[PDB]
Amino acid sequence: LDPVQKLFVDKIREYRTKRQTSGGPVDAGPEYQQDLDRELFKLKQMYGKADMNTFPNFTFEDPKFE
Amino acid sequence: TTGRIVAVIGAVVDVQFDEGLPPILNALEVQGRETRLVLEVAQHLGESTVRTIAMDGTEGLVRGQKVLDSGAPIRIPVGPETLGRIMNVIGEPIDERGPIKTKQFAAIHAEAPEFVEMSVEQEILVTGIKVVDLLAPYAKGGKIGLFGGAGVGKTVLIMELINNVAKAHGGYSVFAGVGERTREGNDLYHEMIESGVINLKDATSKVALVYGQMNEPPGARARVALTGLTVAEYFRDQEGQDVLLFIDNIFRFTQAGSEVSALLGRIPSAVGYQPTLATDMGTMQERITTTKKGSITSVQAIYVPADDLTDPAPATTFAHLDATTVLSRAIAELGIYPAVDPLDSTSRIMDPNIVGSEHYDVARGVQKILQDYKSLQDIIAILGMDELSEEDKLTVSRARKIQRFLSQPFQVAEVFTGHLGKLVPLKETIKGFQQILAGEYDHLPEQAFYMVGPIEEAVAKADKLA
Amino acid sequence: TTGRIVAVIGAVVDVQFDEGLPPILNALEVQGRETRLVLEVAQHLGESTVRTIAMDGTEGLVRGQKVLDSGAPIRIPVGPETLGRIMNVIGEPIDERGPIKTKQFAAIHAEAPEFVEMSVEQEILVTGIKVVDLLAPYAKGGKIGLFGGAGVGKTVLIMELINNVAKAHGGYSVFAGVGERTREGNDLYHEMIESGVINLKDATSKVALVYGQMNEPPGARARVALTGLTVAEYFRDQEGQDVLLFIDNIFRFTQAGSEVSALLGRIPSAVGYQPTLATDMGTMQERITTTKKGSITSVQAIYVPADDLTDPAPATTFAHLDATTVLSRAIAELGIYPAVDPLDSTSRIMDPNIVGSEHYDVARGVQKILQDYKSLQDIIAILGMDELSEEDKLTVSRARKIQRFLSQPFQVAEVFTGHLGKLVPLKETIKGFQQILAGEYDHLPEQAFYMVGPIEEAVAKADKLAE
Amino acid sequence: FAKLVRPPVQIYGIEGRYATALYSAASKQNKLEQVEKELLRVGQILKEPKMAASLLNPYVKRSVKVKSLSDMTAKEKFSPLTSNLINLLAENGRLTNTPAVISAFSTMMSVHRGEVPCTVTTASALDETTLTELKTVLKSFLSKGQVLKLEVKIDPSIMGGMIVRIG
Amino acid sequence: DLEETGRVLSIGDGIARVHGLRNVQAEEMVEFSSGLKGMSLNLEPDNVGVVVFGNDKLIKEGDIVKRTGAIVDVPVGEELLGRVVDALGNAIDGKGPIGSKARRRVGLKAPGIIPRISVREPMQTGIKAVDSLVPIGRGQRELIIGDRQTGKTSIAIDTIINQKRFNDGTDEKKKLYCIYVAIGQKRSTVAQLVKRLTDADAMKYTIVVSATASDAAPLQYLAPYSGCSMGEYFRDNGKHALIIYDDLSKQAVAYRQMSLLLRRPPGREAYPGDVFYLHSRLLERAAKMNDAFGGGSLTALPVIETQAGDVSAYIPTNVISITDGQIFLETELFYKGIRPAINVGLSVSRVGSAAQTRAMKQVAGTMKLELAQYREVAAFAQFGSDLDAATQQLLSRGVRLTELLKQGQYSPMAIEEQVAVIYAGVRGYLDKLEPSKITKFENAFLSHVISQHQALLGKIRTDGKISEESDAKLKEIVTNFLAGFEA
Amino acid sequence: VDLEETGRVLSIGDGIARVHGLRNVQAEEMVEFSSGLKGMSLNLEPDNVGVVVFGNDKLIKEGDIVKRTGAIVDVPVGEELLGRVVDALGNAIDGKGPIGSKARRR
Amino acid sequence: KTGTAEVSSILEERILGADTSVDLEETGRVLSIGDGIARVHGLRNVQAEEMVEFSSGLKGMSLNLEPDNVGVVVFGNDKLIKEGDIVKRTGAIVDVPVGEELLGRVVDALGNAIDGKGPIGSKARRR
């Protein structure tokens, strides 16, 4: 609506509804989710697969003085 | 909405659509079309008239005849169900195998993705052909243009590429027979079937074939490329794909455009060539990429127009080429399938700054050596190897091993190679030639390297002899 | 009378005059464009509409705008105060020191002076530079076109001439920097300024500069030509003067004409040209002359597109000339400056008479040897040597010495060359080559002959080049 | 020749190159209005085929088409220079084109001083407006009609789309 | 509302015959309905032949044409130093939009004589070969010429990297703000490129005006003018600018094409004639200014990629005649691997001396000439057979020196390094060595000084110039170092 | 009448009949002239029909009634022209009288 | 033609058919002019390739006998003229002075002096 901020309201209460759903704003739904699932997985492909919610730890060694 | 035939001057069909003029690129299916004759809005000439293009044939263009806006550009199947299937331009079984259905159909105008949206940084698609990767590094999302001796198992090779790549890599394939010989595609059809690269039994081939052969009118022939693209983007992004896009033969694109331009009241610039040549080209080129997800890598059969490449068109093309392929009879003659002359298998982006230096160097050593050996082919042609020293003997021999070693047998043309083919990962590949360079296998049989994919099987093979 | 701009399709300004059209060519002042927008009536398009031309550009124009006829064609300041100044078409201070306050005004038009009112047959103006005079002697008051690809030291060369000659010359000069790089003109300016010939203390100089740079909208470049003419004419006749008229570049002028030709709603031409090229030129070149009242030796620099001469425009050009300096891109390309193709740079004006036969002959032998010599050059080029004639060898070499002997470095521009190698007063010139004709020199070097001056010194250099 | 006279609207000429003739012609002699009405008349006096459709029929000889279509008939009271211009458009085949000249014309003594701004719905409605003053508002009030979503929409009139248009 | 609007009179071919808005201020970029701007180039009476920014696919006719009422300007500022924009100075970077929100008419002209000031400048490339043999001063329009990213492009980078030293130095003249007008250069090309420049972080003092191989033709076309407007800002705001136009070949193409599509002819080579004016108008605006302009510069590096070395090629001829020289690069040499690859014979600064750096000049000035001969006998003489040692040496030496003018791409230098390695050859030290070792030498030679003769470098740097003394120190370096360098 | 299934020869240059009418015309229909003579209607312009005239302009003159036949050509086909020299109507010139082919095929 | 006199001024009177009635037949008004091409309205009755005579005095010639106007190559200036200028027929194509007194003479192509030997005599004129 064009007391223009009412079009922000027009949007905004549907943000209010959506964010005042769950996930914050959802209704994006499973189709979004398969899309996510690929790129979120695909990310891991570039990027390695382990402690993306914990700390990775590492190791230190030598072959020989060739 | 409706159009009238208001003027036919050929397939420039002056249509007056009078319920507004839907934006240029909108596909209309003309009503009264037995021969479902799609017109694409090209210009809004005004007068509620558009100039439109038949991408189809005509007659019975009983004037004023009714034309229907599809409300969109031409919509064509997108979705995976195209693989193994041959559709015409207008996305319809010319496999003649009933519906090449998909799930989603797409209006086929869809152009030039944002520079940021690419992984702006692209990466070799591994072919596995030693020579291939080596000499022309093939980029995911890239345009590689295939100049090449005729019928030499261009196709054979290609089929094999599908096998190694579209199989071994997640590579899918699109074959866009743009203006190709319907017949060769027929032949090919059988060949593909035959090769098994296409399969019917299951249509879970890696390739959807799209043909918009000579039979098409230019707009159609021209346009079968966007269509093919439209799918390939589908797979690319959606199926995340590394799509292999065989666009066969781009020249026919150029040709199709160029033709129309004049008539199209467009100055078809130099050489006749459509003034937009580049833009046509560009808009199209920008659709060929590793986006984020997926790459549309364009494997471009490139007819060498007038064998001329300064040839404005090719000049433009150069811009569009990361890696350039000339397939070579010279090589072929050597029984070497690959028939690749490697000197014409480059990527402009060669450098050690770019194509990095062992590869490059080994290669540098190789092009050089082989040539040098070739210098010796002239020299030896006179002096004989007797008058050259072992580093020459060596080089010759190595060159020769290498020579053979580029030969990799073929499952397909067991007729050309003599047998079933292989696959060769790069590390092994470069290592392979590097190894030959180390002269390791003495000059224990070199004909061993003939038609062996990986270098080892030859080393082993040298032994079975020795 | 007033028009309102009715169509602007670029600087082709269509003005529909709402009443009386003054004849074609009236300079109009646009009512609004304070960006002193002279429109020159070009056509009476019909129904009180004229095609007029902006000299200028256009952004901001409201389709509408009122135009008031300046009631004449261009009036320009004339007289001597234009000497030592940069004038544009309108004689504005591109000196940028304020006006070029004259008495006299001018229609930048001027026409061809009567044939009888001309001088009928002129007399040689020697050209100093050995090669040059020798093969192309000029006429005092002559029109010389210097075909040459611009900027190859082409331009340098002209300057150098100016240096030698324009310096050597007294009278006055008119310099038109048309279409050339403002940058070079800037330097040049300062250089003249510096020279003080562009007197920094005379409004005059001895030289007037008129500019119609590339970056301009066409009309300006185009028309500066008439302007420059008007002035020089002013000086020639009125000041009775031996004017030197330097033009760089008529090529850009011609080009300017051609460019418009289309836009002018006319057909362009072959290669796009102005099909009126000839009339334009004929009339223009005939505006040029050395009459009795003065003489304008006009040295007209000619950029020759892609050096194509064949290229109709230059084909035409030739008519206008009576001395052509055809520069060989190849020779230039050999670095060899002199770079000319002199069997293409011509004057019939070389004479056994006028230039005396010695010179003349010496030249004829030269022209000849060389002319033969090229012919082979190619054959032999791939067709190597000897199972042949070595007398030819002698000429070849000789030709080469001579070749080199034409070369003189850009004396002044040590920045470009680092080298000096001087000017050769004519007898010494004749002598020089003649001596080579005497071929005594021949056991000697080759680059001795290269980039020098007086054959004596060259010889000296030969010896020296012989360590 | 003459000198330029052009009633308010005025026009662009071109199929009104004639209009403009009479935008000077009618105007001059100031049977401006005589003809102004003539034209109006003509419009439907025109509109039916006959000796008019005659032209279409290529094969009817323009020569005598004028003497039929305009001889008895278009001079029925359309004459002054009006038949002559008829007979000109006639020659000059601008007869099928004539409506547009009227259109063009007719914004002329009234509508000559029309109303333009492009304004939602049934937008302007060629009238008259005096630019120094507002005239706008008034009009709007008059009505509480038109169609404005179907007719010109909240996207123009107030951006329904724009909020979409930023993203 | 639609208050004063106009209807697209016709559309086809991206040429919008526009009815109305009639009193359009000339070369107003106007706005159509479609968001799309166009600029109302052509005022025909009954319509406006409108060059369309963006493209005609979108378009539907009768559509509202709104004045934008604005004459083409492009944003100007400096926050673009640190940014990639499209030609309209709108981002494409996707970082959101540039802080540069000033706009400036691209409709501007090249200053006069008095405003301008001639060169006497150096302008350092860090490409030895370049600053030496085609010595560079600031303000200059000079042709970069080479054949299909033959490292052509690479060059621009090394220079830019060299300007790093200035912008990362504090330069008051050498602080060259780079404006990279990317013409036609595919998104990949650019994307790629940019990625590097940013890496070169040179992006910070750098505008990238971007016309990739996607643009509407006027856009590609426009891009330089955009750049043109901006660079003059720096120039004139004393700041010292560098513009790379890469390349006008494409721009022109678009432009001709644009004409052609406008069914306006061209001339020669199918190209219209005042494309000369195009480049002139464009390029003359690159200049070296007087002090009124803060003295600054817009140094113009147009790039034209020869097509098949062809330059007689009208438009190349044009550009060549405008440029005060060309750097032609010997592409086969590039391909021989020779990077730089130069066709130095075909690389000229007619200028020469106003554009050089004394440090270098002291070895290089002299060298250039000496090389003139080496090269001369590299070419002149040409057999199997030997001459004398002098020349034989010159060839050998020369050849060594040839390596020196190479520079494995993306590795420019500050003046002393260049001079340093050069000293080694000029002054006879490495005639000796071989190419294989030259390259090695240099590496070592640099680490040697890097470590050690930092003093000296210090000096050379200081004076901006060599001293015999420094030389004497050098003399020692080379000799000794040379000895270290092998053994 | 028709400017539908007949047309008046709008213009005739010389063998190009711009034909006024015929406006329902198929693309590529062969038409027949009032002179018998066929032509084929390639360009259906609203205003004319560019008709390639299978005849000459000395054989007629304008406004002429051009009638649709309504046909796009087929020519007799069969397999007994074996012997024949024909005109390309798939009808003789052999002067054997007719052909053997009485089926026609596009 | 299809614009001019379909548009006013020119047209604007033809309407009436009052505008000399029309004439311009042994007269012309320069219909449009530019550039030595006087499209001259009228001169209507004309010979072919008639040399015509100008209000600027000058000649031009009516080669192109158009149904409206005359393409007149004006053999010279445009800075004299401004439109509508009256062109008077001569009823006559060029023939040129010929004679034998031209022997001994430099004339312009008009067969008029330029010789500045004063004038020539014209004995004959001849096609």
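Easy rule for this one: first residue shown is 1, then count along the chain.
Determined by electron microscopy, 7.4 Å, according to the entry header.
Each Cβ is built from the backbone N, Cα and C atoms, and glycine gets one as well.
Swiss-Prot lists D:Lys31 (among others) with the feature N6-acetyllysine, giving similarity to another entry as the kind of evidence. On its own chain, D:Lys31 (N6-acetyllysine) has D:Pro80 as residues at least 6 apart in sequence with a Cβ closer than 8 Å to its own Cβ. D:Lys31 (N6-acetyllysine) falls outside any helix or strand according to DSSP and counts as coil.
Taken from Swiss-Prot, the feature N6-acetyllysine applies to D:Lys37 (among others). Proximity of D:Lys37 (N6-acetyllysine) to non-local residues of its own chain (separation of 6 or more, Cβ distance below 8 Å) is seen for none.
For D:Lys50 (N6-acetyllysine), the number of other Cβ atoms no farther than 10 Å from its own Cβ, over all displayed protein chains, is 9. In the three-state DSSP scheme, D:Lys50 (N6-acetyllysine) falls into the coil class. The annotation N6-acetyllysine is assigned in Swiss-Prot to D:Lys50 (among others).
Swiss-Prot lists D:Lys67 (among others) with the feature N6-succinyllysine, giving similarity to another entry as the kind of evidence. In this chain, no residue six or more apart from D:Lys67 (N6-succinyllysine) has a CB-CB distance below 8 Å. D:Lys67 (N6-succinyllysine) falls within a helical segment according to DSSP.
The annotation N6-acetyllysine is assigned in Swiss-Prot to D:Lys77 (among others) on the grounds of similarity to another entry. Using a 10 Å radius centred on the Cβ of D:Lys77 (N6-acetyllysine) and all shown protein chains, the other Cβ atoms total 12.
Taken from Swiss-Prot, the feature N6-succinyllysine covers D:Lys77 (among others).
Sequence annotations record features per position, and here Swiss-Prot assigns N6-succinyllysine to D:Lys135 (among others). Neighbours of D:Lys135 (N6-succinyllysine), defined as other CB atoms within 10 A of its CB across all chains, total 14.
The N6-acetyllysine annotation in Swiss-Prot covers D:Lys135 (among others) and rests on similarity to another entry. In the three-state DSSP classification, D:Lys135 (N6-succinyllysine) falls within coil.
Under the heading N6-acetyllysine, Swiss-Prot lists D:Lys139 (among others), citing similarity to another entry as support. Cβ environment of D:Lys139 (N6-acetyllysine): no same-chain residue six or more positions apart lies under 8 Å away.
Annotation comment: Swiss-Prot describes D:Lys139 (among others) as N6-succinyllysine, evidence class similarity to another entry.
According to DSSP, D:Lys149 (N6-acetyllysine) sits in a coil region rather than a helix or strand. Around the Cβ of D:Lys149 (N6-acetyllysine), the same chain contributes D:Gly160, each under 8 angstroms and 6 or more positions distant in sequence. Residues or ranges marked as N6-acetyllysine by Swiss-Prot on the basis of similarity to another entry: D:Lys149 (among others).
Summarising the annotation, Swiss-Prot assigns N6-acetyllysine to D:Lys153 (among others) and lists similarity to another entry as the type of evidence. Here the Cβ of D:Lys153 (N6-acetyllysine) has 16 other Cβ atoms within 10 Å, regardless of which shown protein chain they belong to.
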Where D:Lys37 (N6-acetyllysine) falls in three-state DSSP terms: helix
Using DSSP reduced to three states, classify D:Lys77 (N6-acetyllysine) as helix, strand or coil. coil
Would you mind reading off the Cα separation of D:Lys50 (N6-acetyllysine) from D:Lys153 (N6-acetyllysine), to the nearest angstrom? 44
Rounded Cα-Cα span from D:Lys77 (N6-acetyllysine) to D:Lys153 (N6-acetyllysine), Å: 46
How many Å separate the Cα atoms of D:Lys135 (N6-succinyllysine) and D:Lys77 (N6-acetyllysine)? 39
